[PDB]
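S.K.: protein28.json is reproduced below (JSON, C-alpha atoms and all ligand atoms).
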```
[["chain", "number", "residue", "atom", "x", "y", "z"],
["A", 1, "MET", "CA", 105.53, 127.45, 99.98],
["A", 2, "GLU", "CA", 102.95, 126.64, 102.65],
["A", 3, "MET", "CA", 99.75, 124.97, 101.44],
["A", 4, "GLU", "CA", 96.83, 127.30, 102.25],
["A", 5, "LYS", "CA", 98.51, 130.36, 100.76],
["A", 6, "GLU", "CA", 99.95, 128.53, 97.79],
["A", 7, "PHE", "CA", 96.30, 127.53, 97.33],
["A", 8, "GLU", "CA", 94.92, 131.08, 97.23],
["A", 9, "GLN", "CA", 97.81, 132.09, 94.98],
["A", 10, "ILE", "CA", 96.83, 129.44, 92.40],
["A", 11, "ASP", "CA", 93.14, 130.37, 92.64],
["A", 12, "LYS", "CA", 93.78, 134.09, 92.14],
["A", 13, "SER", "CA", 96.15, 133.37, 89.25],
["A", 14, "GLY", "CA", 93.93, 130.65, 87.74],
["A", 15, "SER", "CA", 96.87, 128.33, 87.05],
["A", 16, "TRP", "CA", 95.58, 124.93, 88.25],
["A", 17, "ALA", "CA", 95.88, 123.41, 84.76],
["A", 18, "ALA", "CA", 99.53, 124.48, 84.50],
["A", 19, "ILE", "CA", 100.42, 123.12, 87.94],
["A", 20, "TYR", "CA", 98.74, 119.80, 87.10],
["A", 21, "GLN", "CA", 100.47, 119.53, 83.74],
["A", 22, "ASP", "CA", 103.85, 120.02, 85.47],
["A", 23, "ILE", "CA", 103.07, 117.02, 87.69],
["A", 24, "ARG", "CA", 102.17, 114.95, 84.62],
["A", 25, "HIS", "CA", 105.46, 115.90, 82.95],
["A", 26, "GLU", "CA", 107.65, 115.01, 85.96],
["A", 27, "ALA", "CA", 105.88, 111.74, 86.88],
["A", 28, "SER", "CA", 107.77, 108.46, 86.77],
["A", 29, "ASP", "CA", 107.58, 106.08, 83.81],
["A", 30, "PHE", "CA", 108.27, 102.41, 84.58],
["A", 31, "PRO", "CA", 107.49, 99.30, 82.51],
["A", 32, "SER", "CA", 104.12, 97.49, 82.71],
["A", 33, "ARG", "CA", 104.95, 94.48, 80.51],
["A", 34, "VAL", "CA", 102.90, 91.85, 82.36],
["A", 35, "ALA", "CA", 99.71, 93.98, 82.11],
["A", 36, "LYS", "CA", 100.08, 94.16, 78.31],
["A", 37, "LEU", "CA", 100.48, 90.43, 77.62],
["A", 38, "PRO", "CA", 97.66, 89.21, 75.31],
["A", 39, "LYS", "CA", 96.42, 86.65, 77.86],
["A", 40, "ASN", "CA", 95.55, 89.53, 80.24],
["A", 41, "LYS", "CA", 93.42, 91.69, 77.94],
["A", 42, "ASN", "CA", 90.16, 90.78, 79.67],
["A", 43, "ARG", "CA", 91.72, 91.50, 83.10],
["A", 44, "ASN", "CA", 92.10, 95.25, 82.37],
["A", 45, "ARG", "CA", 89.19, 97.68, 82.32],
["A", 46, "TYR", "CA", 91.05, 100.48, 80.47],
["A", 47, "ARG", "CA", 93.92, 99.99, 78.02],
["A", 48, "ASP", "CA", 95.75, 103.12, 79.25],
["A", 49, "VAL", "CA", 95.66, 102.28, 83.02],
["A", 50, "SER", "CA", 98.12, 99.52, 84.01],
["A", 51, "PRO", "CA", 100.14, 98.57, 87.10],
["A", 52, "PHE", "CA", 103.93, 98.91, 86.92],
["A", 53, "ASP", "CA", 105.78, 95.58, 87.01],
["A", 54, "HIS", "CA", 107.90, 96.57, 90.03],
["A", 55, "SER", "CA", 104.94, 97.34, 92.35],
["A", 56, "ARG", "CA", 102.11, 95.11, 91.05],
["A", 57, "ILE", "CA", 100.28, 92.71, 93.39],
["A", 58, "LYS", "CA", 100.84, 89.06, 92.47],
["A", 59, "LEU", "CA", 98.13, 86.44, 92.97],
["A", 60, "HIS", "CA", 99.40, 83.22, 94.62],
["A", 61, "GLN", "CA", 98.64, 81.12, 91.58],
["A", 62, "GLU", "CA", 101.00, 79.44, 89.13],
["A", 63, "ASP", "CA", 98.74, 79.61, 86.06],
["A", 64, "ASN", "CA", 98.27, 83.39, 85.88],
["A", 65, "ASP", "CA", 99.29, 85.67, 88.75],
["A", 66, "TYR", "CA", 98.01, 88.93, 87.18],
["A", 67, "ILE", "CA", 95.56, 91.49, 88.63],
["A", 68, "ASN", "CA", 95.34, 95.22, 87.85],
["A", 69, "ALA", "CA", 96.45, 96.34, 91.35],
["A", 70, "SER", "CA", 99.49, 98.21, 92.82],
["A", 71, "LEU", "CA", 101.18, 98.42, 96.27],
["A", 72, "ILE", "CA", 101.72, 102.07, 97.29],
["A", 73, "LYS", "CA", 104.28, 101.97, 100.20],
["A", 74, "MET", "CA", 104.80, 105.35, 101.96],
["A", 75, "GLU", "CA", 108.01, 105.07, 103.98],
["A", 76, "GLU", "CA", 108.05, 108.25, 106.13],
["A", 77, "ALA", "CA", 104.31, 108.15, 106.86],
["A", 78, "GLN", "CA", 104.47, 104.39, 107.61],
["A", 79, "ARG", "CA", 101.28, 103.63, 105.65],
["A", 80, "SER", "CA", 100.64, 101.19, 102.78],
["A", 81, "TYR", "CA", 97.69, 101.00, 100.37],
["A", 82, "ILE", "CA", 96.64, 98.68, 97.55],
["A", 83, "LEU", "CA", 95.04, 100.67, 94.70],
["A", 84, "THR", "CA", 93.03, 98.65, 92.16],
["A", 85, "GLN", "CA", 90.41, 99.03, 89.40],
["A", 86, "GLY", "CA", 86.77, 98.21, 89.98],
["A", 87, "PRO", "CA", 86.40, 94.46, 89.48],
["A", 88, "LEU", "CA", 85.24, 93.10, 86.08],
["A", 89, "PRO", "CA", 82.85, 90.16, 85.55],
["A", 90, "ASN", "CA", 85.86, 87.89, 84.98],
["A", 91, "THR", "CA", 87.99, 89.25, 87.88],
["A", 92, "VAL", "CA", 85.65, 89.26, 90.93],
["A", 93, "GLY", "CA", 87.17, 85.97, 92.14],
["A", 94, "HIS", "CA", 90.73, 87.35, 91.69],
["A", 95, "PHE", "CA", 89.73, 90.47, 93.68],
["A", 96, "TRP", "CA", 88.66, 88.47, 96.75],
["A", 97, "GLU", "CA", 91.67, 86.13, 96.36],
["A", 98, "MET", "CA", 93.87, 89.24, 96.71],
["A", 99, "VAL", "CA", 91.99, 90.51, 99.78],
["A", 100, "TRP", "CA", 92.53, 87.08, 101.39],
["A", 101, "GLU", "CA", 96.20, 86.61, 100.44],
["A", 102, "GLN", "CA", 97.25, 90.15, 101.43],
["A", 103, "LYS", "CA", 95.44, 89.94, 104.86],
["A", 104, "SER", "CA", 93.47, 93.15, 104.32],
["A", 105, "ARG", "CA", 90.82, 94.13, 106.86],
["A", 106, "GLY", "CA", 89.01, 96.81, 104.85],
["A", 107, "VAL", "CA", 87.85, 97.57, 101.28],
["A", 108, "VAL", "CA", 87.22, 101.23, 100.34],
["A", 109, "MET", "CA", 84.85, 101.82, 97.36],
["A", 110, "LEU", "CA", 84.53, 105.37, 95.96],
["A", 111, "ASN", "CA", 82.14, 104.80, 92.98],
["A", 112, "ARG", "CA", 78.60, 103.54, 92.34],
["A", 113, "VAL", "CA", 78.07, 100.35, 90.34],
["A", 114, "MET", "CA", 76.26, 102.43, 87.67],
["A", 115, "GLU", "CA", 77.26, 106.04, 86.89],
["A", 116, "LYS", "CA", 76.43, 108.17, 83.82],
["A", 117, "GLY", "CA", 74.14, 105.31, 82.65],
["A", 118, "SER", "CA", 76.99, 102.78, 82.24],
["A", 119, "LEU", "CA", 78.47, 100.06, 84.44],
["A", 120, "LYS", "CA", 81.60, 101.20, 86.33],
["A", 121, "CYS", "CA", 82.28, 97.90, 88.18],
["A", 122, "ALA", "CA", 80.70, 94.51, 88.80],
["A", 123, "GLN", "CA", 78.24, 93.84, 91.65],
["A", 124, "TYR", "CA", 80.98, 91.99, 93.59],
["A", 125, "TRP", "CA", 79.41, 91.65, 97.09],
["A", 126, "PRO", "CA", 76.06, 90.18, 98.22],
["A", 127, "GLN", "CA", 73.09, 92.46, 98.79],
["A", 128, "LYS", "CA", 71.01, 90.13, 101.04],
["A", 129, "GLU", "CA", 72.11, 88.11, 104.10],
["A", 130, "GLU", "CA", 70.42, 84.91, 102.91],
["A", 131, "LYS", "CA", 71.92, 85.06, 99.34],
["A", 132, "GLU", "CA", 75.66, 84.46, 99.69],
["A", 133, "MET", "CA", 78.18, 84.41, 96.80],
["A", 134, "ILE", "CA", 80.54, 81.59, 95.85],
["A", 135, "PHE", "CA", 83.55, 82.27, 93.59],
["A", 136, "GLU", "CA", 84.37, 78.87, 92.15],
["A", 137, "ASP", "CA", 87.54, 79.80, 90.27],
["A", 138, "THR", "CA", 89.28, 80.85, 93.54],
["A", 139, "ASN", "CA", 87.32, 78.72, 96.08],
["A", 140, "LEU", "CA", 85.97, 81.53, 98.29],
["A", 141, "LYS", "CA", 82.58, 82.19, 99.90],
["A", 142, "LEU", "CA", 81.32, 85.68, 100.79],
["A", 143, "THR", "CA", 78.34, 86.49, 103.09],
["A", 144, "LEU", "CA", 76.69, 89.80, 104.02],
["A", 145, "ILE", "CA", 76.56, 90.04, 107.85],
["A", 146, "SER", "CA", 75.19, 93.56, 108.42],
["A", 147, "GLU", "CA", 74.75, 96.87, 106.60],
["A", 148, "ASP", "CA", 74.54, 100.43, 107.97],
["A", 149, "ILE", "CA", 73.27, 103.02, 105.44],
["A", 150, "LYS", "CA", 74.04, 106.69, 106.15],
["A", 151, "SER", "CA", 73.45, 109.84, 104.15],
["A", 152, "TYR", "CA", 76.86, 109.98, 102.42],
["A", 153, "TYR", "CA", 78.24, 106.45, 102.81],
["A", 154, "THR", "CA", 77.35, 102.86, 103.74],
["A", 155, "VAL", "CA", 79.40, 100.45, 105.94],
["A", 156, "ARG", "CA", 78.99, 96.70, 105.55],
["A", 157, "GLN", "CA", 80.30, 93.76, 107.56],
["A", 158, "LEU", "CA", 81.20, 90.78, 105.35],
["A", 159, "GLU", "CA", 82.47, 87.25, 106.11],
["A", 160, "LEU", "CA", 85.06, 85.79, 103.74],
["A", 161, "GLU", "CA", 85.65, 82.03, 103.95],
["A", 162, "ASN", "CA", 88.52, 80.18, 102.34],
["A", 163, "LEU", "CA", 86.71, 76.99, 101.31],
["A", 164, "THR", "CA", 89.99, 75.03, 100.99],
["A", 165, "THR", "CA", 90.90, 75.51, 104.69],
["A", 166, "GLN", "CA", 87.53, 76.52, 106.24],
["A", 167, "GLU", "CA", 89.21, 79.58, 107.77],
["A", 168, "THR", "CA", 87.00, 82.68, 108.04],
["A", 169, "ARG", "CA", 87.69, 86.42, 108.39],
["A", 170, "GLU", "CA", 85.67, 89.57, 108.92],
["A", 171, "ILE", "CA", 86.09, 92.22, 106.17],
["A", 172, "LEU", "CA", 84.75, 95.80, 106.48],
["A", 173, "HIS", "CA", 83.33, 97.43, 103.27],
["A", 174, "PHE", "CA", 83.40, 101.26, 103.35],
["A", 175, "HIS", "CA", 81.30, 102.60, 100.44],
["A", 176, "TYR", "CA", 81.30, 106.33, 99.66],
["A", 177, "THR", "CA", 78.04, 106.73, 97.72],
["A", 178, "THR", "CA", 77.75, 110.47, 96.94],
["A", 179, "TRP", "CA", 80.69, 111.48, 94.71],
["A", 180, "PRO", "CA", 78.98, 113.36, 91.82],
["A", 181, "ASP", "CA", 78.75, 111.86, 88.32],
["A", 182, "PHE", "CA", 80.67, 114.92, 86.98],
["A", 183, "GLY", "CA", 83.33, 117.04, 88.71],
["A", 184, "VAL", "CA", 84.28, 116.90, 92.43],
["A", 185, "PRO", "CA", 82.32, 117.64, 95.62],
["A", 186, "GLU", "CA", 81.76, 121.28, 96.50],
["A", 187, "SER", "CA", 82.90, 120.83, 100.14],
["A", 188, "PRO", "CA", 85.40, 118.20, 101.41],
["A", 189, "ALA", "CA", 83.52, 117.77, 104.69],
["A", 190, "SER", "CA", 81.74, 114.50, 103.92],
["A", 191, "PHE", "CA", 84.83, 112.97, 102.25],
["A", 192, "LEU", "CA", 86.93, 113.79, 105.36],
["A", 193, "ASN", "CA", 84.26, 112.41, 107.70],
["A", 194, "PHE", "CA", 84.38, 109.21, 105.63],
["A", 195, "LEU", "CA", 88.20, 109.02, 105.82],
["A", 196, "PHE", "CA", 88.02, 109.36, 109.61],
["A", 197, "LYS", "CA", 85.49, 106.51, 109.79],
["A", 198, "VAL", "CA", 87.85, 104.23, 107.83],
["A", 199, "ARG", "CA", 90.71, 105.23, 110.18],
["A", 200, "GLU", "CA", 88.66, 104.59, 113.33],
["A", 201, "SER", "CA", 87.89, 101.02, 112.18],
["A", 202, "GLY", "CA", 91.54, 99.84, 112.29],
["A", 203, "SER", "CA", 91.58, 99.11, 108.54],
["A", 204, "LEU", "CA", 94.57, 101.43, 107.89],
["A", 205, "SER", "CA", 96.68, 100.24, 110.80],
["A", 206, "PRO", "CA", 99.90, 98.18, 110.79],
["A", 207, "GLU", "CA", 98.36, 95.15, 112.53],
["A", 208, "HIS", "CA", 96.52, 94.32, 109.27],
["A", 209, "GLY", "CA", 97.50, 93.94, 105.61],
["A", 210, "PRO", "CA", 97.10, 97.04, 103.40],
["A", 211, "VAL", "CA", 93.63, 98.48, 102.81],
["A", 212, "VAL", "CA", 92.26, 97.80, 99.29],
["A", 213, "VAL", "CA", 90.95, 101.05, 97.67],
["A", 214, "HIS", "CA", 89.16, 101.35, 94.29],
["A", 215, "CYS", "CA", 86.99, 103.45, 92.03],
["A", 216, "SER", "CA", 86.42, 102.66, 88.34],
["A", 217, "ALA", "CA", 90.06, 102.91, 87.12],
["A", 218, "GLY", "CA", 91.72, 103.01, 90.56],
["A", 219, "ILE", "CA", 93.69, 106.26, 90.00],
["A", 220, "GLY", "CA", 91.41, 109.30, 90.34],
["A", 221, "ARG", "CA", 89.11, 109.30, 93.39],
["A", 222, "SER", "CA", 91.34, 106.50, 94.77],
["A", 223, "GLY", "CA", 94.40, 108.74, 94.46],
["A", 224, "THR", "CA", 92.59, 111.57, 96.25],
["A", 225, "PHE", "CA", 91.82, 109.26, 99.23],
["A", 226, "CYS", "CA", 95.40, 108.06, 99.84],
["A", 227, "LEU", "CA", 97.01, 111.45, 99.07],
["A", 228, "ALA", "CA", 94.82, 113.20, 101.67],
["A", 229, "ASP", "CA", 95.38, 110.48, 104.31],
["A", 230, "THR", "CA", 99.20, 110.48, 103.91],
["A", 231, "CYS", "CA", 99.50, 114.29, 103.91],
["A", 232, "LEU", "CA", 97.45, 114.61, 107.14],
["A", 233, "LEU", "CA", 99.52, 111.87, 108.85],
["A", 234, "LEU", "CA", 102.79, 113.63, 107.91],
["A", 235, "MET", "CA", 101.45, 116.93, 109.32],
["A", 236, "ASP", "CA", 100.92, 115.14, 112.67],
["A", 237, "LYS", "CA", 104.34, 113.45, 112.70],
["A", 238, "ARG", "CA", 106.66, 116.35, 111.75],
["A", 239, "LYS", "CA", 107.95, 119.21, 113.90],
["A", 240, "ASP", "CA", 107.01, 121.69, 111.16],
["A", 241, "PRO", "CA", 103.64, 120.80, 109.55],
["A", 242, "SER", "CA", 103.96, 123.60, 106.98],
["A", 243, "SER", "CA", 106.86, 121.63, 105.45],
["A", 244, "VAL", "CA", 104.47, 119.03, 103.96],
["A", 245, "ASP", "CA", 104.49, 119.52, 100.17],
["A", 246, "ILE", "CA", 101.42, 117.91, 98.58],
["A", 247, "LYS", "CA", 102.90, 117.98, 95.07],
["A", 248, "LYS", "CA", 106.02, 116.13, 96.26],
["A", 249, "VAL", "CA", 103.91, 113.53, 98.10],
["A", 250, "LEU", "CA", 101.85, 112.97, 94.93],
["A", 251, "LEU", "CA", 104.98, 112.50, 92.80],
["A", 252, "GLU", "CA", 106.28, 109.96, 95.36],
["A", 253, "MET", "CA", 102.99, 108.02, 95.14],
["A", 254, "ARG", "CA", 103.18, 108.09, 91.32],
["A", 255, "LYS", "CA", 106.40, 106.07, 91.55],
["A", 256, "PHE", "CA", 104.10, 103.14, 92.47],
["A", 257, "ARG", "CA", 101.01, 103.61, 90.21],
["A", 258, "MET", "CA", 100.55, 105.74, 87.11],
["A", 259, "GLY", "CA", 98.05, 108.54, 86.73],
["A", 260, "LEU", "CA", 97.06, 109.27, 90.35],
["A", 261, "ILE", "CA", 94.81, 112.36, 90.36],
["A", 262, "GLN", "CA", 93.17, 112.52, 86.90],
["A", 263, "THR", "CA", 92.19, 116.20, 86.58],
["A", 264, "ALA", "CA", 93.18, 119.66, 87.80],
["A", 265, "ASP", "CA", 89.85, 119.76, 89.65],
["A", 266, "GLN", "CA", 90.82, 116.61, 91.58],
["A", 267, "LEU", "CA", 94.17, 118.25, 92.43],
["A", 268, "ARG", "CA", 92.45, 121.37, 93.78],
["A", 269, "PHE", "CA", 90.00, 119.24, 95.76],
["A", 270, "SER", "CA", 92.91, 117.33, 97.35],
["A", 271, "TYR", "CA", 94.46, 120.62, 98.53],
["A", 272, "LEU", "CA", 91.09, 121.69, 99.95],
["A", 273, "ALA", "CA", 90.64, 118.42, 101.83],
["A", 274, "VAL", "CA", 94.09, 118.53, 103.44],
["A", 275, "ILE", "CA", 93.69, 122.21, 104.39],
["A", 276, "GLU", "CA", 90.32, 121.72, 106.09],
["A", 277, "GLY", "CA", 91.32, 118.43, 107.61],
["A", 278, "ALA", "CA", 94.37, 119.93, 109.30],
["A", 279, "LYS", "CA", 92.14, 122.32, 111.29],
["A", 280, "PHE", "CA", 89.87, 119.61, 112.59],
["A", 281, "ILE", "CA", 92.72, 117.40, 113.75],
["A", 282, "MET", "CA", 93.71, 119.97, 116.37],
["A", 283, "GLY", "CA", 91.16, 121.93, 117.69],
["A", 284, "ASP", "CA", 89.55, 124.54, 115.57],
["B", 1, "LIG", "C1", 96.99, 117.60, 111.32],
["B", 1, "LIG", "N1", 97.87, 118.71, 111.71],
["B", 1, "LIG", "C2", 98.75, 118.66, 112.77],
["B", 1, "LIG", "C3", 99.36, 119.86, 112.78],
["B", 1, "LIG", "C4", 98.81, 120.56, 111.71],
["B", 1, "LIG", "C5", 99.10, 121.83, 111.35],
["B", 1, "LIG", "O1", 99.35, 122.60, 112.23],
["B", 1, "LIG", "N2", 99.07, 122.32, 110.11],
["B", 1, "LIG", "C6", 99.35, 123.70, 109.76],
["B", 1, "LIG", "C7", 98.46, 124.31, 108.62],
["B", 1, "LIG", "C8", 96.99, 124.51, 108.96],
["B", 1, "LIG", "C9", 96.31, 124.22, 107.64],
["B", 1, "LIG", "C10", 97.42, 123.87, 106.67],
["B", 1, "LIG", "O2", 98.46, 123.56, 107.47],
["B", 1, "LIG", "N3", 97.93, 119.84, 111.10]]
```
Could the structure of this file be written out as structure tokens, please?
Ligand SMILES: Cn1ccc(C(=O)NC[C@@H]2CCCO2)n1
M.R.:
Amino acid sequence: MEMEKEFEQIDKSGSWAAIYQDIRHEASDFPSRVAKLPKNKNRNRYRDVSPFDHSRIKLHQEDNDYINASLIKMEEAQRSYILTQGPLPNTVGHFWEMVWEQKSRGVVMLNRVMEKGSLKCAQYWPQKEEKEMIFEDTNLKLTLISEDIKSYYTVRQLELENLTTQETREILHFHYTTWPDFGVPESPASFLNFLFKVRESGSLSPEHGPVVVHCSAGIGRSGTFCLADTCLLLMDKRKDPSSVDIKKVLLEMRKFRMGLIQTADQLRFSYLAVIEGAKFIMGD
């Protein structure tokens, strides 16, 4: 079926939970043996969210190459993304090592450091220009260059220096700051505006390594971001945009990381975002 009318048909019939459970039943199951080794217990935030062995990002280190991160490679859309958990106190150096080694331009952050009164990820970037951060375990230095605070999101320019080689690179930090503590946003308008700002920066384009995207577990909000982006790109590329099937795209992405889209409310919000976004791309 088309999307917008499949949408109203699920709303009127109140069957979002049944649609979402079907997705969960059909989703791929692949091994994640490296994630479950005892030496990696303090590298995982949640015991039930792990990267598959076949698609995990490897650190360029011979001691321990493990990070909770996955490469999502979308062949028809010609986009790639790295989806990862929010960094932990003992993985902030690994996080920036990955950004460096994979040649990423942008980092997309969809959570606040504290939500619901608990810590959802480490404070992994510097908050003042004159107070830089050094990660001694991976030999990297990180400096805040500029910060632009808007009503729904903040963009930061950061400098990452590889202290072994003295090479430097500019990294863009796109921080969506207004996702509610419970539920999903009422309108997708600010989330779509944010996606378009990431796109306009070059961070999603083939001349750079894959964008790094995270929330707390790296599957819920993060899944919504890449699902909406890929669906809108396919609607631009194909002769028949109504052929894009958001449930099929989601199952394809779940071949590369488990659990993408965590609730039936997140699934409905993804439909809403793609539907509204497709009207803005053209004219109306
Ligand atoms: C981004 N884009 C390019 C073409 C289309 C498109 O025509 N989509 C058809 C409908 C409108 C809402 C749901 O899909 N969208």
S.K.: When the cut-off is 6 Å and you count all atoms listed in the file, which residues lie near ligand LIG 1 (chain B), shown as a ChimeraX atom specification?
M.R.: /A:3-4,232,235-236,241-242,275,278-279,281
S.K.: Which distance in Å separates atom CA of residue 212 of chain A and atom CA of residue 243 of chain A, to one decimal?
M.R.: 28.6 Å
S.K.: Within 8 Å of residue 132 of chain A, counting only C-alpha atoms, which residues show up once you throw out same-chain ones fewer than 3 positions away? Write them as a count of residues only, please.
M.R.: 7
S.K.: Counting only C-alpha atoms, figure out which residue out of A:40, A:55, A:193, A:64 gets nearest to residue 80 of chain A.
M.R.: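 That would be A:55, the residue with the smallest distance to residue 80 of chain A.
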S.K.: Using all atoms listed in the file for the distances, tell me which of A:222, A:20, A:66, A:59 is nearest to residue 32 of chain A.
M.R.: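 Distance minimum relative to residue 32 of chain A lands on A:66.
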S.K.: Could you list as a ChimeraX atom specification every residue that has an atom within 12 Å of (86.3, 110.0, 108.0), using the file's coordinates and counting only C-alpha atoms?
M.R.: /A:108,152-153,155,174-176,188-201,204,225,228-229,273,277,280-281
S.K.: Smallest atom-to-atom distance to residue 105 of chain A: which of A:216, A:230, A:157, A:164, using only C-alpha atoms?
M.R.: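 Of the candidates, the smallest distance to residue 105 of chain A is held by A:157.
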S.K.: Rounded to one decimal, what separation in Å do you get between atom CA of residue 255 of chain A and atom CA of residue 207 of chain A?
M.R.: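 Between atom CA of residue 255 of chain A and atom CA of residue 207 of chain A the gap works out to 25.0 Å.
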S.K.: Restricting the calculation to all atoms listed in the file, which member of A:97, A:62, A:181, A:148 is positioned closest to residue 116 of chain A?
M.R.: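 Nearest to residue 116 of chain A: A:181.
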S.K.: Could you tell me which of A:75, A:53, A:149, A:167 comes closest to residue 249 of chain A if we count only C-alpha atoms?
M.R.: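 With only C-alpha atoms as the atom set, the closest residue is A:75.
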S.K.: Residues at most 7 Å from segment 261-271 of chain A, counting all atoms listed in the file, excluding those fewer than 4 positions away in the same chain, as an MDAnalysis selection string?
M.R.: chainID A and resid 16:17 20 184 219:220 223:224 228 275
S.K.: Atom CA of residue 84 of chain A and atom CA of residue 166 of chain A, how far apart in Å?
M.R.: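 Spanning atom CA of residue 166 of chain A to atom CA of residue 84 of chain A is a straight-line distance of 26.8 Å.
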S.K.: Please determine the residues with any atom at most 9 Å from (102.5, 110.0, 96.9) (coordinates as given in the file, with all atoms listed in the file counting) and report them as a count of residues only.
M.R.: 20
